[PDB]
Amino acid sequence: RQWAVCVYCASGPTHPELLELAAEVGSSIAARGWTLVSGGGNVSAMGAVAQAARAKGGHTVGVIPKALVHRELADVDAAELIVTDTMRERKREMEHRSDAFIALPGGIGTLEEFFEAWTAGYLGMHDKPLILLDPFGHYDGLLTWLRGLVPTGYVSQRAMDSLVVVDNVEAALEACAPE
């Protein structure tokens, strides 16, 4: 059973900075001998990360709910394509299959995955690393805003501190590595 890293990332934009990020993540995961777990779609960053893992010989696991199969273009090239009945089952599968989590820039669907993984880690329901990887300032406004929730007690310092925020792929993967 290879170490597995789950990547949550955009399903929409085709911006080169986004796709190039996602591709480097996918390559680097594969090059470490690690399995990539992702949303199993061939669009946007989700397509880019899995394609790049495969180009380097890496094992890819794609987990997609049946309702998104035609919309997010189910990744028929994943070595394991897991099609789930529901979206919550999709997230449970991605969690169960993975040893660490990386969130790349994305929109509301990425954010719901991220907040779910974060809250679960913080409550002690799993002890897997959660990395937010953002080289081009995508989540700057979100993080400034989350930090303002600490002095007012809505978010604990401990919750903030259990999130690993980095701007480069190499630091993201070091923070995901098996101890």
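Residue numbers run from 1 along the displayed sequence.
Of the two segments, 148 to 156 and 58 to 66, the one listed with the higher mean B-factor is 148 to 156 (C-alpha atoms only). Checked against the record, the higher mean CA B factor of 159 to 167 and 8 to 16 lies with 159 to 167. The residue among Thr119, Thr110, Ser38, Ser27 whose C-alpha atom has the highest B-factor in the PDB entry is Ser27.
When the modelled residues of the chain are ordered by C-alpha B-factor, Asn42 sits in the highest third. Among the modelled residues of the chain, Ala50 sits in the lowest third by CA temperature factor in this PDB entry. Compared with the other modelled residues of the chain, the Cα B-factor recorded for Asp85 ranks in the highest third.
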